[PDB]
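Chemist: If it helps, the file is called entry_6.cif and holds mmCIF, N, CA, C and O atoms:
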```
data_final
loop_
_atom_site.label_atom_id
_atom_site.label_comp_id
_atom_site.auth_asym_id
_atom_site.auth_seq_id
_atom_site.Cartn_x
_atom_site.Cartn_y
_atom_site.Cartn_z
N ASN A 1 74.09 117.69 89.68
CA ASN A 1 72.69 117.88 89.20
C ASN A 1 71.82 116.73 89.70
O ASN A 1 72.02 116.26 90.82
N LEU A 2 70.85 116.28 88.90
CA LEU A 2 69.96 115.21 89.31
C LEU A 2 70.20 113.88 88.60
O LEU A 2 70.42 113.81 87.38
N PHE A 3 70.18 112.81 89.38
CA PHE A 3 70.39 111.47 88.87
C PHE A 3 69.14 110.65 89.13
O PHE A 3 68.27 111.06 89.89
N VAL A 4 69.05 109.49 88.50
CA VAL A 4 67.91 108.60 88.71
C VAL A 4 68.45 107.19 88.90
O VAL A 4 69.45 106.81 88.26
N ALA A 5 67.86 106.43 89.82
CA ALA A 5 68.30 105.06 90.05
C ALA A 5 67.86 104.13 88.91
O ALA A 5 66.69 104.12 88.51
N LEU A 6 68.81 103.37 88.39
CA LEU A 6 68.55 102.41 87.32
C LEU A 6 67.95 101.11 87.89
O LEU A 6 67.17 100.44 87.22
N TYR A 7 68.34 100.74 89.11
CA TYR A 7 67.86 99.51 89.75
C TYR A 7 67.64 99.76 91.23
O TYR A 7 68.14 100.74 91.79
N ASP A 8 66.94 98.81 91.86
CA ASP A 8 66.67 98.84 93.29
C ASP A 8 67.94 98.43 94.01
O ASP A 8 68.63 97.52 93.57
N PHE A 9 68.18 99.05 95.15
CA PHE A 9 69.33 98.73 95.98
C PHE A 9 68.83 98.89 97.40
O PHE A 9 68.29 99.94 97.77
N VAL A 10 68.99 97.84 98.19
CA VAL A 10 68.53 97.83 99.57
C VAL A 10 69.70 98.09 100.52
O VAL A 10 70.71 97.42 100.46
N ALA A 11 69.54 99.07 101.40
CA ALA A 11 70.55 99.46 102.38
C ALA A 11 70.97 98.28 103.24
O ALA A 11 70.12 97.51 103.70
N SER A 12 72.27 98.18 103.49
CA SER A 12 72.85 97.10 104.27
C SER A 12 73.77 97.62 105.38
O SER A 12 74.84 97.05 105.62
N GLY A 13 73.36 98.69 106.05
CA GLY A 13 74.18 99.27 107.09
C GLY A 13 75.46 99.87 106.51
O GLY A 13 75.56 100.05 105.29
N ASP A 14 76.43 100.18 107.36
CA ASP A 14 77.69 100.77 106.90
C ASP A 14 77.47 102.09 106.16
O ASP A 14 78.17 102.40 105.19
N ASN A 15 76.47 102.85 106.60
CA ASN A 15 76.14 104.15 106.02
C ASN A 15 75.53 104.11 104.62
O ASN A 15 75.58 105.11 103.90
N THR A 16 74.96 102.98 104.23
CA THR A 16 74.35 102.88 102.91
C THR A 16 72.90 103.38 102.95
O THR A 16 72.30 103.50 104.03
N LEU A 17 72.35 103.68 101.78
CA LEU A 17 71.01 104.20 101.64
C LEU A 17 70.25 103.39 100.60
O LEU A 17 70.79 103.10 99.53
N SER A 18 69.01 103.02 100.91
CA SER A 18 68.20 102.28 99.95
C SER A 18 67.70 103.25 98.89
O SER A 18 67.38 104.40 99.19
N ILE A 19 67.65 102.79 97.65
CA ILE A 19 67.17 103.60 96.55
C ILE A 19 66.28 102.69 95.67
O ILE A 19 66.56 101.50 95.49
N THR A 20 65.20 103.26 95.14
CA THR A 20 64.26 102.52 94.30
C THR A 20 64.42 102.90 92.82
O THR A 20 64.61 104.06 92.51
N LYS A 21 64.31 101.93 91.92
CA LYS A 21 64.42 102.21 90.50
C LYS A 21 63.47 103.36 90.16
O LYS A 21 62.31 103.37 90.60
N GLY A 22 63.97 104.34 89.41
CA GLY A 22 63.14 105.47 89.05
C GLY A 22 63.20 106.63 90.03
O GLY A 22 62.73 107.72 89.71
N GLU A 23 63.75 106.40 91.21
CA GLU A 23 63.86 107.46 92.21
C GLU A 23 64.95 108.48 91.85
O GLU A 23 66.04 108.12 91.39
N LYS A 24 64.65 109.77 92.04
CA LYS A 24 65.62 110.80 91.73
C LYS A 24 66.50 111.08 92.94
O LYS A 24 66.06 110.92 94.07
N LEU A 25 67.75 111.47 92.68
CA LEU A 25 68.71 111.76 93.74
C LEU A 25 69.84 112.71 93.34
O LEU A 25 70.11 112.91 92.16
N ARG A 26 70.46 113.30 94.35
CA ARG A 26 71.57 114.23 94.18
C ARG A 26 72.83 113.47 94.55
O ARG A 26 72.82 112.71 95.53
N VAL A 27 73.88 113.58 93.73
CA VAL A 27 75.15 112.93 94.01
C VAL A 27 76.06 113.96 94.68
O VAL A 27 76.33 115.03 94.10
N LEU A 28 76.51 113.65 95.90
CA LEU A 28 77.36 114.54 96.69
C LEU A 28 78.85 114.21 96.69
O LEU A 28 79.67 115.00 97.17
N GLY A 29 79.22 113.04 96.19
CA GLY A 29 80.61 112.66 96.17
C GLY A 29 80.80 111.18 95.89
O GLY A 29 79.81 110.45 95.72
N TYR A 30 82.05 110.75 95.85
CA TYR A 30 82.42 109.36 95.56
C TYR A 30 83.51 108.89 96.51
O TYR A 30 84.22 109.70 97.09
N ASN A 31 83.63 107.58 96.67
CA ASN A 31 84.67 107.02 97.53
C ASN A 31 85.95 106.94 96.67
O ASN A 31 85.92 107.27 95.48
N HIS A 32 87.03 106.46 97.27
CA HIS A 32 88.34 106.36 96.61
C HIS A 32 88.38 105.78 95.19
O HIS A 32 88.97 106.38 94.29
N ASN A 33 87.74 104.64 94.98
CA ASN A 33 87.73 104.01 93.67
C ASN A 33 86.50 104.28 92.81
O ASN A 33 86.24 103.55 91.86
N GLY A 34 85.70 105.27 93.19
CA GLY A 34 84.51 105.60 92.42
C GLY A 34 83.36 104.59 92.41
O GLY A 34 82.31 104.85 91.81
N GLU A 35 83.55 103.44 93.05
CA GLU A 35 82.51 102.40 93.10
C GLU A 35 81.26 102.73 93.93
O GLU A 35 80.20 102.14 93.72
N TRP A 36 81.42 103.60 94.92
CA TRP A 36 80.30 103.98 95.79
C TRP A 36 80.13 105.48 95.68
O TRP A 36 81.10 106.22 95.53
N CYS A 37 78.90 105.95 95.78
CA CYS A 37 78.68 107.38 95.69
C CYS A 37 77.74 107.84 96.79
O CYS A 37 76.85 107.11 97.21
N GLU A 38 78.00 109.03 97.31
CA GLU A 38 77.21 109.60 98.39
C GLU A 38 75.95 110.20 97.79
O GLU A 38 76.02 111.19 97.05
N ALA A 39 74.81 109.62 98.11
CA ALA A 39 73.55 110.10 97.57
C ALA A 39 72.65 110.83 98.57
O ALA A 39 72.75 110.65 99.79
N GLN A 40 71.80 111.70 98.04
CA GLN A 40 70.82 112.38 98.88
C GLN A 40 69.49 112.31 98.15
O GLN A 40 69.41 112.63 96.95
N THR A 41 68.49 111.80 98.84
CA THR A 41 67.14 111.67 98.29
C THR A 41 66.23 112.30 99.34
O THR A 41 66.70 112.87 100.32
N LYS A 42 64.93 112.11 99.15
CA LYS A 42 63.91 112.60 100.09
C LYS A 42 63.90 111.72 101.36
O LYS A 42 63.17 112.01 102.31
N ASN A 43 64.69 110.64 101.34
CA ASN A 43 64.78 109.71 102.46
C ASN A 43 66.03 109.94 103.29
O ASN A 43 66.20 109.33 104.32
N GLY A 44 66.92 110.79 102.80
CA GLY A 44 68.14 111.06 103.52
C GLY A 44 69.37 110.88 102.65
O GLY A 44 69.29 110.95 101.42
N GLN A 45 70.49 110.59 103.32
CA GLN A 45 71.79 110.41 102.68
C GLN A 45 72.39 109.05 102.99
O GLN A 45 72.12 108.44 104.03
N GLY A 46 73.27 108.61 102.11
CA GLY A 46 73.94 107.34 102.31
C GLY A 46 74.61 106.92 101.03
O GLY A 46 74.37 107.49 99.96
N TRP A 47 75.46 105.92 101.13
CA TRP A 47 76.18 105.41 99.98
C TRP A 47 75.34 104.44 99.15
O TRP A 47 74.58 103.65 99.70
N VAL A 48 75.46 104.54 97.83
CA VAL A 48 74.76 103.68 96.88
C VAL A 48 75.78 103.31 95.78
O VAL A 48 76.79 104.01 95.62
N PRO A 49 75.59 102.17 95.09
CA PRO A 49 76.55 101.81 94.03
C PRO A 49 76.54 102.87 92.92
O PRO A 49 75.47 103.28 92.46
N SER A 50 77.72 103.28 92.46
CA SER A 50 77.78 104.29 91.40
C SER A 50 77.17 103.79 90.09
O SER A 50 76.50 104.54 89.39
N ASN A 51 77.36 102.51 89.78
CA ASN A 51 76.81 101.99 88.54
C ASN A 51 75.31 101.68 88.58
O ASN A 51 74.77 101.10 87.64
N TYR A 52 74.66 102.02 89.70
CA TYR A 52 73.22 101.84 89.84
C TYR A 52 72.48 103.14 89.51
O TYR A 52 71.25 103.18 89.53
N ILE A 53 73.21 104.21 89.24
CA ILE A 53 72.57 105.49 88.94
C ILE A 53 73.07 106.07 87.62
O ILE A 53 74.12 105.66 87.11
N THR A 54 72.26 106.95 87.04
CA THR A 54 72.59 107.60 85.76
C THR A 54 71.92 108.99 85.80
O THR A 54 70.99 109.21 86.58
N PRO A 55 72.41 109.96 85.02
CA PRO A 55 71.79 111.29 85.05
C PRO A 55 70.32 111.26 84.61
O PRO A 55 69.96 110.61 83.64
N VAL A 56 69.47 111.96 85.36
CA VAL A 56 68.05 112.01 85.05
C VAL A 56 67.93 112.58 83.63
O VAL A 56 68.55 113.60 83.32
N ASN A 57 67.23 111.86 82.76
CA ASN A 57 67.02 112.28 81.36
C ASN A 57 68.19 112.07 80.40
O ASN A 57 68.39 112.88 79.47
N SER A 58 68.94 110.99 80.62
CA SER A 58 70.09 110.60 79.79
C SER A 58 70.87 111.76 79.20
O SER A 58 71.67 112.35 79.96
N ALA B 1 82.69 105.40 103.40
CA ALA B 1 82.11 104.54 102.38
C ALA B 1 82.36 103.07 102.72
O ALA B 1 83.34 102.75 103.37
N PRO B 2 81.45 102.16 102.33
CA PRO B 2 81.69 100.75 102.65
C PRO B 2 83.03 100.27 102.07
O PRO B 2 83.46 100.75 101.02
N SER B 3 83.70 99.36 102.76
CA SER B 3 84.97 98.85 102.27
C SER B 3 84.72 97.69 101.31
O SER B 3 85.54 97.41 100.43
N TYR B 4 83.60 97.00 101.50
CA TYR B 4 83.23 95.88 100.65
C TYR B 4 82.75 96.37 99.28
O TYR B 4 82.60 97.58 99.04
N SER B 5 82.54 95.43 98.37
CA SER B 5 82.13 95.79 97.03
C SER B 5 80.63 96.04 96.87
O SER B 5 79.82 95.47 97.59
N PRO B 6 80.27 96.98 95.97
CA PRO B 6 78.84 97.25 95.75
C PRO B 6 78.33 96.06 94.95
O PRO B 6 79.08 95.45 94.19
N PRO B 7 77.06 95.69 95.12
CA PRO B 7 76.60 94.55 94.35
C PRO B 7 76.55 94.91 92.88
O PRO B 7 76.34 96.08 92.53
N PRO B 8 76.82 93.94 91.99
CA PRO B 8 76.79 94.20 90.55
C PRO B 8 75.35 94.43 90.12
O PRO B 8 74.42 94.10 90.84
N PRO B 9 75.15 95.05 88.96
CA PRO B 9 73.78 95.29 88.49
C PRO B 9 73.01 93.96 88.45
O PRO B 9 73.58 92.90 88.17
N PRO B 10 71.71 94.01 88.78
CA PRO B 10 70.88 92.80 88.78
C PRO B 10 70.71 92.18 87.40
O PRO B 10 70.80 92.92 86.39
#
```
For the file at hand, write its structure as structure tokens.
Modeler:
Amino acid sequence: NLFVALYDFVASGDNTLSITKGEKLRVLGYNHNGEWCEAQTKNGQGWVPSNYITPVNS
Amino acid sequence: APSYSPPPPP
């Protein structure tokens, strides 16, 4: 469904994606240990920290 | 996915 970024995260290469606090996104998957998640926003796709996002509308 | 650790919450 839809998630929202809790904090700002700036992309650092290695297929990561920058996300802004309050920005909505779709979660497409997770890495082996669940620490990183594949996100899709209006800016594209890339990995973002899993603990930086939460479901839109708690 | 990155092999390094995601930064902790600010």
Chemist: Counting only C-alpha atoms, which residues sit no farther than 12 Å from the position (90.2, 98.4, 103.3) in the file's frame? I'd like them as a count of residues only.
Modeler: 8
Chemist: Apply the PyMOL selection byres (((chain A and resi 23 and name CA) around 6) and name CA) to the displayed file and report the matching residues as a PyMOL selection string.
Modeler: chain A and resi 4-5+20-22+24
Chemist: For the residues in that selection, give me N, CA, C and O atoms as a short mmCIF file (atom, residue, chain, number, x, y, z; two decimals), in the frame of the given file.
Modeler:
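Saved the output as out-v5.cif:
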```cif
data_model
loop_
_atom_site.label_atom_id
_atom_site.label_comp_id
_atom_site.auth_asym_id
_atom_site.auth_seq_id
_atom_site.Cartn_x
_atom_site.Cartn_y
_atom_site.Cartn_z
N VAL A 4 69.05 109.49 88.50
CA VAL A 4 67.91 108.60 88.71
C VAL A 4 68.45 107.19 88.90
O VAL A 4 69.45 106.81 88.26
N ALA A 5 67.86 106.43 89.82
CA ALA A 5 68.30 105.06 90.05
C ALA A 5 67.86 104.13 88.91
O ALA A 5 66.69 104.12 88.51
N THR A 20 65.20 103.26 95.14
CA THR A 20 64.26 102.52 94.30
C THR A 20 64.42 102.90 92.82
O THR A 20 64.61 104.06 92.51
N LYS A 21 64.31 101.93 91.92
CA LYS A 21 64.42 102.21 90.50
C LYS A 21 63.47 103.36 90.16
O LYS A 21 62.31 103.37 90.60
N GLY A 22 63.97 104.34 89.41
CA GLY A 22 63.14 105.47 89.05
C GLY A 22 63.20 106.63 90.03
O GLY A 22 62.73 107.72 89.71
N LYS A 24 64.65 109.77 92.04
CA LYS A 24 65.62 110.80 91.73
C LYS A 24 66.50 111.08 92.94
O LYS A 24 66.06 110.92 94.07
#
```
Chemist: One decimal, Å: what's the distance from atom C of residue 8 in chain B over to atom C of residue 19 in chain A, could you say?
Modeler: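 Separation of atom C of residue 8 in chain B and atom C of residue 19 in chain A: 13.5 Å.
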Chemist: Please report as JSON, numbers by chain which residues of chain A come no farther than 10 Å from chain B, using only C-alpha atoms.
Modeler: {"A": [6, 7, 8, 9, 12, 13, 14, 15, 16, 30, 31, 32, 35, 36, 37, 38, 46, 47, 48, 49, 50, 51, 52]}
Chemist: Measure the distance from CA of residue 11 in chain A to atom C of residue 29 in chain A in Å and round it to one decimal.
Modeler: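 We find that CA of residue 11 in chain A and atom C of residue 29 in chain A lie 16.9 Å from each other.
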Chemist: What do you get, as a PyMOL selection string, if you spell out every residue that the PyMOL selection byres ((chain A and resi 2) around 8) selects here?
Modeler: chain A and resi 1+3-5+23-27+54-58
Chemist: Between atom N of residue 40 in chain A and atom O of residue 28 in chain A, what distance in Å does the model show, to one decimal?
Modeler: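 Between atom N of residue 40 in chain A and atom O of residue 28 in chain A the gap is 8.6 Å.
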Chemist: Apply the PyMOL selection byres (((chain A and resi 43 and name CA) around 9) and name CA) to the displayed file and report the matching residues as a PyMOL selection string.
Modeler: chain A and resi 17-19+40-42+44-45
Chemist: Residues of chain A classed as strand (DSSP E) by DSSP on the backbone are to be reported as JSON, numbers by chain.
Modeler: {"A": [2, 3, 4, 5, 24, 25, 26, 27, 28, 29, 30, 36, 37, 38, 39, 40, 41, 44, 45, 46, 47, 48, 49, 53, 54, 55]}
